[PDB]
Amino acid sequence: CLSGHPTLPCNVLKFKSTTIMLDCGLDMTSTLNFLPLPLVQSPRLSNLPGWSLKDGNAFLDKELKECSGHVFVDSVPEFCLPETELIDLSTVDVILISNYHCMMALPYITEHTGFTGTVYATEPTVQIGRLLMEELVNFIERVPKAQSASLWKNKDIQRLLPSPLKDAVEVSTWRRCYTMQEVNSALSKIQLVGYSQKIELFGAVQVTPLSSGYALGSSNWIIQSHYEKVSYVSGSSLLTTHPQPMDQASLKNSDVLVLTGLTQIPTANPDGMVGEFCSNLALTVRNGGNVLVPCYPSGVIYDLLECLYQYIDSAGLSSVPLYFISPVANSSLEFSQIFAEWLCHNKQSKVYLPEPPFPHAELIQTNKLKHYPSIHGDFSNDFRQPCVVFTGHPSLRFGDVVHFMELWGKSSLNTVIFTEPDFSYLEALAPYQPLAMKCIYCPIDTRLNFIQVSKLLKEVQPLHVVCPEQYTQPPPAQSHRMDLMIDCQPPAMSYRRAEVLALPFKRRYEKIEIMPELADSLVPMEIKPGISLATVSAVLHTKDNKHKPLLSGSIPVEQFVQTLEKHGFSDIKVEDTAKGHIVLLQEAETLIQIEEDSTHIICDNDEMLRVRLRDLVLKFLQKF
Amino acid sequence: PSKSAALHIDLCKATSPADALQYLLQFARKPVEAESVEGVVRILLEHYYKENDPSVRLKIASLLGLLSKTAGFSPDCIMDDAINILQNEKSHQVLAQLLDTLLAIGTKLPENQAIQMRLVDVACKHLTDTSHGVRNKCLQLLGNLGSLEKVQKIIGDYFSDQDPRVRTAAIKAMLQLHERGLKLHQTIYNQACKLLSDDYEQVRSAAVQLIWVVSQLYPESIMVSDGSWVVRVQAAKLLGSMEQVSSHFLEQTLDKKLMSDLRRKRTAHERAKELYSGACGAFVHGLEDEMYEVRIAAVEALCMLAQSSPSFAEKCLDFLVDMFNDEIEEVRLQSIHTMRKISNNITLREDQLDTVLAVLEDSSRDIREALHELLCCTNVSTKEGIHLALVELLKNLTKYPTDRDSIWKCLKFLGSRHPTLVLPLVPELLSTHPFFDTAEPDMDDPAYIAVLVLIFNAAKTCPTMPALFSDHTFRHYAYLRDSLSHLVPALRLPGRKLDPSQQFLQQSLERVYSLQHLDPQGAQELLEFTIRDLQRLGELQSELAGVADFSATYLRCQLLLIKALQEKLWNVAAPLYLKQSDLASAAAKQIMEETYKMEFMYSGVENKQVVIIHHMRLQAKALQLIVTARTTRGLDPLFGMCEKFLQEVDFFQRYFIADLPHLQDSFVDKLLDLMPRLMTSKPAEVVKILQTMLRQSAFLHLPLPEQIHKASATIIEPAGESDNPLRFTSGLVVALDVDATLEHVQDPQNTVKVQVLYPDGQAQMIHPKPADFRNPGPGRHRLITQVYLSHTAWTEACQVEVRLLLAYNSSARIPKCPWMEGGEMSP
C-alpha cells in the first residue's frame, strides 16, 4: 500500500532525474548527471605547453590545487553523479530516456549497483547518445593522467575556506571514468520502441510516447495506468516545427504534468540572435584570421548549419569553408542522412530529396565542404585558415577546442562565440581571462519558452502541476516575475524531498471478460449479483461466471398481508403502534414486528413453515 | 563518539523530512565505521526509527545495513533487526529494507547454523505479503540462506504466482540454491515445462538455463533425459527474432548441455532445416537472423560440442566456413578461433578460399596473426590448396613485409604437419631447368627464403628430398642452417657433414666480502676490477645477467662511497670549500639514483635486499648531510637538516623491526645504539661523531637471488631510419607514432612513462594508457600507445627524442631503454 512520489536526487533545471513511483509499476523517469559541472578543473589537452603549466602555487601547502586568476584542480575533471543512495537499484525494472541527452549517467547505474531489468527508447536518440559517449570517452582517454584530487573531497570543515564558486557544490560519489566497458556492455539491452506503442509493461501499466518537436527524437513518454494520466515532459518547441512538431491531441486530462526542460533565457530573440551571429561571423571573416565556434555534436547545430548555408547569398563572399573536427563526425552525418522518418508530416519529410534537415547539408557538400573527421595529420594539403572550424565537445575542457584556443590565443583575430547556454561567464573563461577577445555568448536554445508554457497551460487547463526546482522566486540579476501560474498550489522539490502527491485507489480495472449475468430494475441503479473464483493470471482478476449478500429495504405490511391471503394463509390479525406494525398469524403462532428499518419474526418449533416464511419475506427486497 | 554527533544533528533541527534525510545522506556517503563502536551507532539509528517519515526510516535502515557490512553484524544487532522487522510491516518499501538489512547482517558475516541462517529464513517465509510486498525480496532472502544439505515446496508452489516479475526472483533464488548443491530434485523439470510458454520477457532467458541445468544434473530417473531437453532448448532458441536477450543465453546453455549422451538421431537432424523426436531447427536458422551477439554464442556452442564429440565436424565445417562473408570485424576473429579450436581430424579440399580471403578485404592487423596460426595447424587434402596458400602468403609478403616472422613460423608449421603433400610440387616452386641450371634467385629476397625454409622443414621425413634440388640449394641450406636453427631443421644431405658462471660469481662475491682489511687504494682498485668483471659477465651471460648487474651496481655504489670517503676536503681546511674539492657533492645524487634503480627496476627482490638497500640509502643521506654541513655557514639551517635526518633514521628503525640483531657492527645498528646520546649536544659535534663513525663502520653482504633486469627493445615502430621528412604544419599536431615492446617490467601498467625530449627546452611526458597494455607472453610485454607531437615550424629537420621511463611513489624516473631517436617530421 503506497502512492506515487517523485524521488529526485538532483537540483538541475535543464536536466532531470525524477522517479515517479506507483503501486506496482515502479517506473523511473530519465536520469542524468551534472554535465556543466566538470569545468573548474584544468582542461584535458594534448601536447601540454608551457603557458598552462607554470602558474601560481597552491594555498596552504596543498600542491594539488593550482591557482591562476581563479581556483583550479590539475587532475581529472571528476565527472559528477547524483546521490541515488536512498533508493536501492535492486527493485528497479526500467529506466526512461530523453532526447539523446539523458544517457551520460546511464552506464553508471546499469552494471554498478542494480538495474537488471530492461529499457525502452527509440533509435535516433540512442544512436546519438552512443556517439556522444564515444566522443566523450575518446576525448577523455587521450593522455590519461592519473587522479590527484582525492584529498580535498573529505574534511569539509576546511572546504569553505577557498574562494566562492568552488565550495558551493558537495562531493558524494564521483566516478570520473568509464573504462570503455560498461558503456558498450550496457547498450546491448535497448529494445525497438517507436511512437505510441503498446508494450504494456508489468501487464497493468502502459506507456505512450508523444514525439514532441524539439530535435531528432524529442519524445515525451506518458506512463499511464488504467485510470491515470502521469505525463512526463523532456523537451518541446513550437517554433521550429521541423522534427515532427509537438501535438496536444492526447495530453488533455493530464494528472501531474512533470515539466523539466526550460529555456532559461526569455529576453533573447531566436531570429535576432541568429541575425547578430551572422553579422558577427561576416565581420570577423571580412578581416582578421580564422573563426572558431565551439559547439556540440550532431543535433542542435543543424539549424546553425542551415543558416550559415543559406547565408552564402550575402555580403560574405566565397572561400570561407567549414571544418568539422569530431571523432564521430562522419557517423553523425550518416545517421542524420539515414534518419528521415522522424521529421514533420509533409513540411520536411517529403522523400523527394527535400528533407530540409540533412539533405541540404549534402547538397552543398560538392561546392566547398571538406569533412576531415580527424586532426592527426589531415590538413597537410593546404593550411591558410580562411575558414570556420566547429569542434564537438561535451564541455570546454574535454574537446579539442582548448588546443585551438592555445594555438591562436592572440586576440582581435578570432572569435570564441558559443552556442550552448549551459555554462557561465567568469568560470567558463576562467583559465582564459587574460585575453582581449569579444567573448560573445549567443544562446542558441529553444526549449519551452515562458511565452509558450503559458499558453500550453491555458489550453490544457491542468491541475496539481509539479514544479521541478525552487525557481518559483525571481531569478537573480533580473527584474521580472518569470514564474508559473498554478490554481491549486505551487509544489516544491529539492535534493532529497520525497513529496507524495498522488492517490490511485485502484480506480477501475475489473478485468472484464465474458461477463454474463441477470440485471434487476430500479430508478437509476440496476444492481445485480456477482461471481466468485476470480482466478487472476497477470494483473487481471478475470472473475468469470462459474462455480453472502446482505439485505436492505423496507417491507410494506399491506403488500405482506395481501400476499399472505393470496398465497393461502388466513386468520391474520394486524395492529399498529406509535411507529411500527405487529402482525399475528394463528398457524404455528407466528408473531412478526415491522418497524422503520427493522423486522423481527418469532415462531415455535417448525421447519417447513420457517423456510417458507423465509423465502416469502426475502423476495420483497433487492440484493446488494 | 560517532553516534553522539548523529544524534545531535538529528535533534538540532528536527524537521519533518529535511533534517533526517540530510543526516542520513551525510552519514551514508561518509567513511565507514571501521571500529567496534558500530553497535552503538546502529542502536542510536534504530531508536529513532519508530516515528513518522517512513522514507527517512527506510533511508536510515539502508544506511544501517550498509554500515553493518564492515564486520559489525553481531548477534545483538541481528536480534534487534529481527525484533524491529516483526512489527515494521507498515509500508511496502520498509519491509523490503528490513529484509535487506537482515540479509546483510545474517548472510554476510555469520554464514553458519544455530539461528544464523535458518531462523532468518523461517522468519522471512512467515512474513508473507498480500500484493508484491516482500515476495521478490524474501525469495532472495531464503535464497542466500541455506538451511542444510537435505525448503523447495515453497518455491514449487510459488512458481505459479500472480506477478510474473516474482518468477524472476524465484528463479534467481533457485539458481543460488543450485550453485551450492542442495540436491535439486528432478520434478522441477516438469514445472519447468510451464516455464517454457510464459508469454513474457526475462523469464524464458532463464527458463532455458533452468532446463539446461536440470538436464545436466543427471540424465536418469526417467526417453531418459538423453537428447530430450536439447529439443526444447532448440525450440525456445528458434524464436531468436522475437528477443535478442533470450537467444544468446539459450545458445550459451546449449554449449554446456551438449556434454550429454548426444544421440546421433537427435544431433545429425539438427544441422538441417527439415527434421529427419526433434522437430525444430535453430542451427541453420539461428545464424543469419539478427545481430551477431547471438551468432557468437551459437558458434561458441558449436565449437564446444565439436571439441567433446569427435564426430559432427565433417558436416559442420561447411557451415563454419561459409559464414565468413559477414562484413563484421567480430564474427571473423570468432570464426578463426572456432576453426583453430577444432583443427583436428578435419579436411580441407575446396573450402579454403572462403576462409583465407579475410586478409585482402582490409588490414586486420590483429587478425592476421590468428589467420596465419589457423592456416598452419590445419590439414590440406590435395596439393592445389597448398599451392594456393603458398601463393597467397607470397602475395601477403610482397604486399606487407612487416610480418615476415609470422609467415616463416606458419610455413614451418605447415611443412612439419604434412611434408608429403609438397613432394609433387618441389620442381614447380623454385625455378629449375633439367638441362640449363640458370636464373639464380636473389639471396636476401624475402620471397625465396620462405619457399627455402618450407622445403627444408618438409625435408625431415622425405625419403629422397635432394634428388630434385638445384646446385645452389645445398649451399643455401648450409648457410641458413648455420645462421638460424629455429626455422631450418637438420638434414642428411650428402654434401653437408655431421655451472662455471655461478661458481665464478660466488668466488668474486666472497673475494669482495672477505678481502676488505687492506689499504684504501687496494680496496678501490679491487672494487674497480670486480665491477669491470661483473659488467663483462653481464654482457656475456644472458640468464645470469640480472643478478650480475645487481651485484655490479651494488659494487659501484660501494666504490663511489669509498671514493667519496677518501676525498681531499677532509685533508684540507674545512670552512673554505672553494670549489671542485669534494667529489661527493655530485656523487650523493648518483648514489641515491643508483639505489632507486636497484630497488625499483629489478623484480625478484627479497626483504634482506630491501633492508640492505635502505641502509645504503640512509648512509648516502648521512654522507649528503656531512657534505652539506662541511660547507654550510649558517648554524640555524644545520638544526633543520639534522632533525630531518634524525626523523628519517627514526622512521627507518620504526619500519624495520626484524633482522636488526642479524646485522653486526653495521652503521645502522651503531647509530641506533649511539643515538640516545647524540640527542643532547650541538649538531656540529653530532655530525662530527657521525663522520668519525661512518669511516670504518662495516661492509654489509648482499644475498643473491634470481632477479632480472627491466629493459625494453628497439622495435621498428618509429625507430632509427632515414630522414623521411613527413608533411605537416606548425599549428596542429605533426603526426602520430608507435612505441616499442617491453620485457620483464613487473606489471608495467601505471609504472612506465613515455618521455618526449624536444630540441627546445620543453619536455613532455605523456601518461600511459592502461587499455593498450597487452600480456599474451607472460614474462614479456608490449606497449602500443599513440604519442602526440606538435610544435611551431622548425625550418629544418634537426632531430627529435622520444623515450620510456618509470614511475615511483612520489616522483622519480629510471632510464631503461636505449635512447632511440624518432622521425624528423619537419612541420
# chains A, B, ... in the order shown; residues from 1 in each chain; ligands from 1
>>> residues_around(residues="residue A:206", least_positions_apart="2", cutoff="6 Å", atoms="only C-alpha atoms", output="PyMOL selection string")
chain A and resi 200+223-225
>>> interface_residues(of="chain B", to="chain A", cutoff="8 Å", atoms="only C-alpha atoms", output="number ranges by chain")
B: 17-18, 21-22, 25, 29-30, 55, 58-59, 62, 91-92, 132, 162-165, 202, 245, 727-729, 731-736, 762, 764, 766-769, 788-790
>>> residues_around(residues="stretch 41-44 of chain B", least_positions_apart="5", cutoff="12 Å", atoms="only C-alpha atoms", output="ChimeraX atom specification")
/B:1-8,10-11,27,32-33,35-36,49-50,60-69,72-74,76-81,84,101,105
>>> residues_around(residues="residue A:311", least_positions_apart="6", cutoff="12 Å", atoms="only C-alpha atoms", output="list in words")
residues 274, 275, 277, 278, 279, 281, 282, 304, 305, 317, 318 and 320 of chain A
>>> select_by_dssp(residues="stretch 264-418 of chain A", states="strand (DSSP E)", output="list in words")
residues 291, 292, 293, 294, 295, 322, 323, 324, 325, 388, 389, 390, 391 and 392 of chain A
>>> residues_around(residues="stretch 140-146 of chain B", least_positions_apart="5", cutoff="8 Å", atoms="only C-alpha atoms", output="ChimeraX atom specification")
/B:99-100,103,107,111,117-118,120-121,124-125,169-170,172-174,176-177
>>> atom_distance(atom1="atom CA of residue B:480", atom2="atom CA of residue B:393")
20.5 Å
>>> select_by_dssp(residues="stretch 476-528 of chain B", states="alpha helix (DSSP H)", output="NGL selection string")
:B and (476-483 or 500-514 or 520-528)
>>> write_last_selection(atoms="C-alpha atoms", output="compact mmCIF listing (two decimals), in the first residue's frame")
# COMPACT_ATOMS: atom_id res chain seq x y z
CA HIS B 476 71.60 -22.15 -49.35
CA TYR B 477 70.68 -24.84 -46.83
CA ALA B 478 74.24 -24.88 -45.48
CA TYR B 479 74.11 -21.11 -44.96
CA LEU B 480 70.61 -20.97 -43.46
CA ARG B 481 71.14 -23.91 -41.09
CA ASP B 482 74.34 -22.47 -39.61
CA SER B 483 72.81 -18.99 -39.30
CA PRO B 500 81.09 -22.12 -14.20
CA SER B 501 79.35 -18.73 -14.22
CA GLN B 502 77.61 -19.35 -10.89
CA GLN B 503 80.74 -20.55 -9.09
CA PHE B 504 82.74 -17.68 -10.61
CA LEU B 505 80.15 -15.19 -9.35
CA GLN B 506 80.22 -16.79 -5.90
CA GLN B 507 84.03 -16.64 -5.83
CA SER B 508 84.02 -12.98 -6.87
CA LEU B 509 81.43 -12.09 -4.22
CA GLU B 510 83.29 -13.94 -1.46
CA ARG B 511 86.53 -12.27 -2.56
CA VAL B 512 84.91 -8.83 -2.32
CA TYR B 513 83.39 -9.74 1.06
CA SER B 514 86.44 -11.29 2.73
CA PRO B 520 92.14 2.24 0.67
CA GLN B 521 93.80 2.30 -2.76
CA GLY B 522 93.95 -1.50 -2.83
CA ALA B 523 90.27 -1.77 -1.91
CA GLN B 524 89.42 0.83 -4.57
CA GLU B 525 91.30 -0.98 -7.34
CA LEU B 526 89.83 -4.32 -6.23
CA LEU B 527 86.33 -2.83 -6.41
CA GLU B 528 87.07 -1.40 -9.86
